[PDB]
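The block underneath contains the structure these notes are about, expressed in structure tokens.
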Amino acid sequence: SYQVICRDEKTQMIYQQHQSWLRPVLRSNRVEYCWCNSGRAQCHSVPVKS
Numbered sequence: 014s015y016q017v018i019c020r021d022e023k024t025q026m027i028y029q030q031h032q033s034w035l036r037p038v039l040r041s042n043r044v045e046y047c048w049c050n051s052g053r054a055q056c057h058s059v060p061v062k063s
């Protein structure tokens with residue numbers, strides 16, 4: 014009921030506030046890092062050279 018979740022349509026999974034959840038890469042080998050900063054899903058791309 015309250016606003017504290019984050020709906021990600023790129024995976025179809027909900028997340029809580031300040032919650033972190035990774036996502037597939039773009040086309041190379043990077044990783045999509047994203048976490049709820051308030052309810053808009055804050056994302057940032059930081060590679061990992063796997």
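Numbering-wise, the sequence shown is residues 14 to 63 according to mature numbering (1 follows the signal peptide of the UniProt record, and there is no 0).
For each residue, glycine too, the CB sits at the ideal point set by N, CA and C.
Taking the CB atoms as reference points, tell me whether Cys49 and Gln25 lie closer together than 9 Å. Their beta carbons are not under 9 Å apart, which means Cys49 does not touch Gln25 by this criterion.
Compare the Cα-Cα distances from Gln32 to each of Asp21, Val38, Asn42 and report the closest residue. The shortest C-alpha to C-alpha distance from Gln32 to any of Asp21, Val38, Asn42 is the one to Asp21.
Using the C-alpha atoms, what's the distance from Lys62 back to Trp34? Going by the C-alpha atoms only, they are around 19 Å apart.
Per DSSP, what kind of secondary structure is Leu35 in: helix, strand or coil? Note: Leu35 maps to strand in three-state DSSP.
Is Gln29 helix, strand or coil when you go by DSSP? Per DSSP, reduced to three states, the secondary structure at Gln29 is coil, with no helix or strand assignment.
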